[PDB]
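Next up, protein.cif (mmCIF, N, CA and C atoms):
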data_final
loop_
_atom_site.label_atom_id
_atom_site.label_comp_id
_atom_site.auth_asym_id
_atom_site.auth_seq_id
_atom_site.Cartn_x
_atom_site.Cartn_y
_atom_site.Cartn_z
N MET A 1 -12.50 -8.30 4.71
CA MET A 1 -12.19 -9.56 5.41
C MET A 1 -11.55 -10.54 4.44
N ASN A 2 -12.03 -10.54 3.21
CA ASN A 2 -11.38 -11.28 2.14
C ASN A 2 -10.33 -10.39 1.51
N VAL A 3 -9.07 -10.80 1.62
CA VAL A 3 -7.92 -9.99 1.20
C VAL A 3 -8.06 -9.49 -0.24
N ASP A 4 -8.85 -10.20 -1.03
CA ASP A 4 -9.09 -9.84 -2.42
C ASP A 4 -9.67 -8.42 -2.53
N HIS A 5 -10.48 -8.03 -1.55
CA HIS A 5 -11.09 -6.71 -1.56
C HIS A 5 -10.11 -5.70 -1.01
N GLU A 6 -9.36 -6.15 -0.02
CA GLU A 6 -8.39 -5.33 0.68
C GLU A 6 -7.32 -4.80 -0.26
N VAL A 7 -6.92 -5.64 -1.21
CA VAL A 7 -5.95 -5.24 -2.22
C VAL A 7 -6.43 -4.00 -2.98
N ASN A 8 -7.69 -4.02 -3.41
CA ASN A 8 -8.26 -2.89 -4.14
C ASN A 8 -8.52 -1.72 -3.22
N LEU A 9 -8.82 -2.00 -1.96
CA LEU A 9 -8.96 -0.96 -0.96
C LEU A 9 -7.63 -0.24 -0.79
N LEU A 10 -6.56 -1.03 -0.73
CA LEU A 10 -5.21 -0.52 -0.59
C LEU A 10 -4.87 0.45 -1.72
N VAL A 11 -5.10 0.03 -2.95
CA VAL A 11 -4.74 0.84 -4.11
C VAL A 11 -5.55 2.13 -4.16
N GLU A 12 -6.77 2.10 -3.64
CA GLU A 12 -7.59 3.30 -3.55
C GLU A 12 -7.00 4.26 -2.51
N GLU A 13 -6.69 3.72 -1.34
CA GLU A 13 -6.10 4.52 -0.27
C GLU A 13 -4.76 5.12 -0.71
N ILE A 14 -3.97 4.33 -1.43
CA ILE A 14 -2.71 4.80 -1.99
C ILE A 14 -2.95 5.91 -3.01
N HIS A 15 -4.07 5.84 -3.72
CA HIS A 15 -4.42 6.86 -4.70
C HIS A 15 -4.66 8.21 -4.02
N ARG A 16 -5.23 8.18 -2.82
CA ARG A 16 -5.48 9.42 -2.08
C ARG A 16 -4.27 9.85 -1.24
N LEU A 17 -3.66 8.92 -0.53
CA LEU A 17 -2.55 9.24 0.37
C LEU A 17 -1.22 9.37 -0.38
N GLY A 18 -1.14 8.73 -1.53
CA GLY A 18 0.11 8.66 -2.25
C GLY A 18 0.39 9.89 -3.08
N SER A 19 1.67 10.17 -3.27
CA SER A 19 2.12 11.28 -4.08
C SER A 19 3.01 10.76 -5.20
N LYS A 20 3.07 11.48 -6.32
CA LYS A 20 3.80 10.98 -7.48
C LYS A 20 5.30 11.14 -7.32
N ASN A 21 6.02 10.06 -7.59
CA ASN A 21 7.47 10.09 -7.58
C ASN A 21 8.00 10.48 -8.95
N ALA A 22 9.31 10.43 -9.13
CA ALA A 22 9.95 10.87 -10.37
C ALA A 22 9.46 10.08 -11.59
N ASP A 23 9.06 8.84 -11.36
CA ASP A 23 8.60 7.97 -12.44
C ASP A 23 7.16 8.30 -12.84
N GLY A 24 6.56 9.26 -12.15
CA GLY A 24 5.23 9.72 -12.50
C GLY A 24 4.14 8.89 -11.85
N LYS A 25 4.53 7.87 -11.10
CA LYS A 25 3.58 6.98 -10.46
C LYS A 25 3.36 7.37 -9.01
N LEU A 26 2.19 7.04 -8.49
CA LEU A 26 1.85 7.36 -7.11
C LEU A 26 2.61 6.46 -6.14
N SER A 27 3.13 7.07 -5.09
CA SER A 27 3.83 6.34 -4.06
C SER A 27 3.54 6.97 -2.70
N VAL A 28 3.40 6.14 -1.68
CA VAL A 28 3.16 6.64 -0.34
C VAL A 28 4.08 5.94 0.65
N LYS A 29 4.66 6.69 1.57
CA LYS A 29 5.56 6.12 2.56
C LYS A 29 4.79 5.27 3.56
N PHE A 30 5.39 4.15 3.95
CA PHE A 30 4.78 3.21 4.89
C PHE A 30 4.32 3.92 6.16
N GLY A 31 5.14 4.85 6.64
CA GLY A 31 4.83 5.56 7.86
C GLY A 31 3.55 6.37 7.75
N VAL A 32 3.29 6.90 6.56
CA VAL A 32 2.11 7.72 6.33
C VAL A 32 0.85 6.86 6.33
N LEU A 33 0.91 5.75 5.59
CA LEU A 33 -0.22 4.83 5.50
C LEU A 33 -0.46 4.17 6.85
N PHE A 34 0.62 3.74 7.49
CA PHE A 34 0.54 3.09 8.80
C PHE A 34 -0.07 4.03 9.83
N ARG A 35 0.28 5.31 9.73
CA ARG A 35 -0.26 6.33 10.62
C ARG A 35 -1.79 6.35 10.56
N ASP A 36 -2.32 6.36 9.35
CA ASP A 36 -3.77 6.39 9.14
C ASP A 36 -4.41 5.09 9.61
N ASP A 37 -3.76 3.97 9.32
CA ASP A 37 -4.28 2.67 9.71
C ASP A 37 -4.30 2.51 11.23
N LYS A 38 -3.34 3.12 11.91
CA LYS A 38 -3.30 3.06 13.37
C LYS A 38 -4.53 3.73 13.99
N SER A 39 -5.18 4.61 13.23
CA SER A 39 -6.36 5.30 13.72
C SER A 39 -7.63 4.48 13.44
N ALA A 40 -7.77 4.01 12.20
CA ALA A 40 -9.01 3.36 11.77
C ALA A 40 -8.90 1.84 11.76
N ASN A 41 -7.68 1.36 11.60
CA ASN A 41 -7.40 -0.06 11.40
C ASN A 41 -8.22 -0.60 10.23
N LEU A 42 -7.86 -0.13 9.05
CA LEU A 42 -8.55 -0.49 7.83
C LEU A 42 -8.05 -1.84 7.35
N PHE A 43 -6.75 -2.04 7.47
CA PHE A 43 -6.12 -3.27 7.04
C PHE A 43 -5.70 -4.06 8.27
N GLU A 44 -6.50 -5.06 8.63
CA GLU A 44 -6.21 -5.89 9.80
C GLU A 44 -4.85 -6.56 9.65
N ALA A 45 -4.48 -6.84 8.40
CA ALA A 45 -3.15 -7.33 8.08
C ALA A 45 -2.53 -6.47 6.99
N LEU A 46 -1.93 -5.36 7.38
CA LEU A 46 -1.37 -4.40 6.43
C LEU A 46 -0.23 -5.02 5.64
N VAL A 47 0.66 -5.72 6.35
CA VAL A 47 1.80 -6.36 5.71
C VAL A 47 1.33 -7.38 4.67
N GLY A 48 0.35 -8.19 5.05
CA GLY A 48 -0.21 -9.17 4.14
C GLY A 48 -0.87 -8.54 2.94
N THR A 49 -1.52 -7.40 3.14
CA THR A 49 -2.16 -6.68 2.05
C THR A 49 -1.11 -6.13 1.08
N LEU A 50 -0.02 -5.60 1.65
CA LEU A 50 1.10 -5.11 0.85
C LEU A 50 1.71 -6.25 0.04
N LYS A 51 1.90 -7.39 0.69
CA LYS A 51 2.42 -8.59 0.04
C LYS A 51 1.53 -9.01 -1.13
N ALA A 52 0.23 -9.03 -0.89
CA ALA A 52 -0.74 -9.43 -1.90
C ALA A 52 -0.61 -8.58 -3.16
N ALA A 53 -0.51 -7.27 -2.98
CA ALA A 53 -0.42 -6.36 -4.11
C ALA A 53 0.98 -6.39 -4.73
N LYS A 54 1.98 -6.73 -3.94
CA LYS A 54 3.35 -6.85 -4.45
C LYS A 54 3.48 -8.12 -5.29
N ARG A 55 2.73 -9.15 -4.91
CA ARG A 55 2.70 -10.40 -5.67
C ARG A 55 1.92 -10.23 -6.97
N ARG A 56 0.94 -9.33 -6.95
CA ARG A 56 0.18 -9.00 -8.15
C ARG A 56 0.90 -7.95 -8.98
N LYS A 57 2.07 -7.53 -8.49
CA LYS A 57 2.90 -6.52 -9.16
C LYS A 57 2.13 -5.22 -9.33
N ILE A 58 1.22 -4.97 -8.40
CA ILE A 58 0.44 -3.75 -8.39
C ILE A 58 1.24 -2.65 -7.71
N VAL A 59 1.91 -3.01 -6.63
CA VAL A 59 2.77 -2.08 -5.92
C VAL A 59 4.11 -2.73 -5.63
N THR A 60 5.13 -1.92 -5.45
CA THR A 60 6.42 -2.41 -5.03
C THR A 60 6.97 -1.53 -3.92
N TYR A 61 7.71 -2.14 -3.02
CA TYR A 61 8.32 -1.42 -1.93
C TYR A 61 9.52 -2.20 -1.41
N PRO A 62 10.64 -1.52 -1.15
CA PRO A 62 11.83 -2.15 -0.59
C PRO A 62 11.54 -2.80 0.75
N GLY A 63 12.10 -3.98 0.97
CA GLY A 63 11.88 -4.68 2.21
C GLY A 63 11.12 -5.97 2.01
N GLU A 64 11.45 -6.96 2.82
CA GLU A 64 10.80 -8.26 2.76
C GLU A 64 9.85 -8.40 3.94
N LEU A 65 10.39 -8.24 5.14
CA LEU A 65 9.59 -8.29 6.37
C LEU A 65 9.98 -7.13 7.28
N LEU A 66 9.07 -6.73 8.14
CA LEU A 66 9.32 -5.62 9.06
C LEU A 66 8.44 -5.75 10.29
N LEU A 67 8.93 -5.25 11.41
CA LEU A 67 8.17 -5.27 12.66
C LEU A 67 8.12 -3.89 13.28
N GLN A 68 9.25 -3.20 13.24
CA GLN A 68 9.35 -1.86 13.78
C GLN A 68 9.15 -0.83 12.68
N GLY A 69 8.81 0.39 13.07
CA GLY A 69 8.56 1.45 12.11
C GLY A 69 9.83 2.06 11.55
N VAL A 70 10.82 1.22 11.28
CA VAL A 70 12.07 1.66 10.70
C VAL A 70 11.98 1.67 9.18
N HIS A 71 10.91 1.07 8.67
CA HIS A 71 10.64 1.03 7.24
C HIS A 71 9.61 2.09 6.86
N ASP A 72 9.38 3.03 7.77
CA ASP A 72 8.33 4.03 7.60
C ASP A 72 8.66 5.00 6.46
N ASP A 73 9.93 5.10 6.11
CA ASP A 73 10.37 6.00 5.04
C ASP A 73 10.28 5.30 3.68
N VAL A 74 9.92 4.03 3.70
CA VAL A 74 9.80 3.25 2.48
C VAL A 74 8.55 3.64 1.71
N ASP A 75 8.75 4.12 0.50
CA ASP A 75 7.65 4.51 -0.36
C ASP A 75 7.09 3.30 -1.09
N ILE A 76 5.79 3.09 -0.94
CA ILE A 76 5.11 2.03 -1.64
C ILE A 76 4.70 2.55 -3.02
N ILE A 77 5.38 2.07 -4.05
CA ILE A 77 5.19 2.58 -5.40
C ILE A 77 4.13 1.79 -6.15
N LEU A 78 3.15 2.50 -6.69
CA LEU A 78 2.11 1.87 -7.49
C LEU A 78 2.62 1.63 -8.90
N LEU A 79 2.83 0.36 -9.24
CA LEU A 79 3.34 -0.01 -10.56
C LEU A 79 2.20 -0.20 -11.54
N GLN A 80 1.16 -0.86 -11.08
CA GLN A 80 0.02 -1.16 -11.92
C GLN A 80 -1.20 -0.41 -11.40
N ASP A 81 -1.91 0.25 -12.29
CA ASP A 81 -3.05 1.05 -11.88
C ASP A 81 -4.33 0.55 -12.52
N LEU A 82 -5.25 0.13 -11.67
CA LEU A 82 -6.57 -0.28 -12.10
C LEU A 82 -7.61 0.57 -11.39
N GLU A 83 -7.13 1.53 -10.61
CA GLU A 83 -8.00 2.31 -9.75
C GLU A 83 -8.32 3.66 -10.38
N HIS A 84 -9.45 3.70 -11.09
CA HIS A 84 -10.10 4.94 -11.55
C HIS A 84 -10.86 4.68 -12.84
N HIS A 85 -12.03 5.27 -12.95
CA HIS A 85 -12.82 5.16 -14.16
C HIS A 85 -12.93 6.53 -14.81
#
Written form, structure tokens:
Amino acid sequence: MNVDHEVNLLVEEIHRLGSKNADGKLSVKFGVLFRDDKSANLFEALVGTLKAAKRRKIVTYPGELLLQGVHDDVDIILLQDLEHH
């Protein structure tokens, strides 16, 4: 409910759903994550959660705003990793 937790929830989910790109970092396509969220609704505000982590430079993804699933091929790239002990 507090987006502060959701950010870390996001990076964990990305750790499981995401696959490594050429840069060696984990990345997951919006369509894949959105697909899972459409079932459980983990992120009540997925876009806002993405924004939060993009502002923290934890993840990056092409696009500013979106409404339709035309950005589903957009890979959310994990730039900063704090998820794992």
* Asked: Where in chain A does DSSP assign helix (DSSP H, G or I), given as JSON, numbers by chain?
  -> {"A": [3, 4, 5, 6, 7, 8, 9, 10, 11, 12, 13, 14, 15, 16, 17, 30, 31, 32, 33, 34, 35, 36, 37, 38, 39, 40, 46, 47, 48, 49, 50, 51, 52, 53, 54, 55, 69, 70, 71]}
* Asked: Taking the backbone alone, and naming residues the way the document does, which bits of region 5-83 of chain A are strand (DSSP E or B) by DSSP, as number ranges by chain?
  -> A: 19-20, 26-29, 59-60, 75-78
Residue subset to file, keeping N, CA and C atoms, as a compact mmCIF listing (two decimals), in the frame of the given file:
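Done, and the output landed in selection-v3.txt:
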# COMPACT_ATOMS: atom_id res chain seq x y z
N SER A 19 1.67 10.17 -3.27
CA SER A 19 2.12 11.28 -4.08
C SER A 19 3.01 10.76 -5.20
N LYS A 20 3.07 11.48 -6.32
CA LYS A 20 3.80 10.98 -7.48
C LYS A 20 5.30 11.14 -7.32
N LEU A 26 2.19 7.04 -8.49
CA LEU A 26 1.85 7.36 -7.11
C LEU A 26 2.61 6.46 -6.14
N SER A 27 3.13 7.07 -5.09
CA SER A 27 3.83 6.34 -4.06
C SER A 27 3.54 6.97 -2.70
N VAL A 28 3.40 6.14 -1.68
CA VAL A 28 3.16 6.64 -0.34
C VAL A 28 4.08 5.94 0.65
N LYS A 29 4.66 6.69 1.57
CA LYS A 29 5.56 6.12 2.56
C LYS A 29 4.79 5.27 3.56
N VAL A 59 1.91 -3.01 -6.63
CA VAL A 59 2.77 -2.08 -5.92
C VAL A 59 4.11 -2.73 -5.63
N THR A 60 5.13 -1.92 -5.45
CA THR A 60 6.42 -2.41 -5.03
C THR A 60 6.97 -1.53 -3.92
N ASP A 75 8.75 4.12 0.50
CA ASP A 75 7.65 4.51 -0.36
C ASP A 75 7.09 3.30 -1.09
N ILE A 76 5.79 3.09 -0.94
CA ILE A 76 5.11 2.03 -1.64
C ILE A 76 4.70 2.55 -3.02
N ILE A 77 5.38 2.07 -4.05
CA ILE A 77 5.19 2.58 -5.40
C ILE A 77 4.13 1.79 -6.15
N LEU A 78 3.15 2.50 -6.69
CA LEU A 78 2.11 1.87 -7.49
C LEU A 78 2.62 1.63 -8.90
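Nearest-residue note for residue 16 (chain A): choosing from A:64, A:83, A:73, A:44, the minimum distance belongs to A:83, counting only C-alpha atoms.
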* Write out as a PyMOL selection string each polymer residue whose atoms come within 6 Å of residue 77 (chain A), counting all atoms listed in the file; drop sequence neighbours fewer than 5 positions from it. => chain A and resi 26-28+58-61
* To do: Pick out the residues sitting within 8 Å of region 29-34 of chain A, and hand them over as number ranges by chain; count only N, CA and C atoms, and ignore anything fewer than 4 positions along from it in its own chain.
  => A: 13-14, 17-19, 38-39, 69-77
* Atomic separation - CA of residue 10 (chain A) relative to CA of residue 50 (chain A), Å -> 7.9 Å
* Hey, what comes out of the PyMOL selection byres (((chain A and resi 49 and name CA) around 10) and name CA) on this file? Could you write it as a list in words? ->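 What the PyMOL selection byres (((chain A and resi 49 and name CA) around 10) and name CA) grabs from the file is residues 3, 4, 5, 6, 7, 8, 9, 10, 43, 44, 45, 46, 47, 48, 50, 51, 52, 53, 54 and 55 of chain A.
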* Do you have the atom C of residue 21 (chain A)-atom C of residue 79 (chain A) distance handy? ->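 Taking atom C of residue 21 (chain A) and atom C of residue 79 (chain A), their separation equals 12.4 Å.
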* Just how far from CA of residue 15 (chain A) is CA of residue 41 (chain A), in Å to one decimal? ->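 Between CA of residue 41 (chain A) and CA of residue 15 (chain A) the gap is 17.8 Å.
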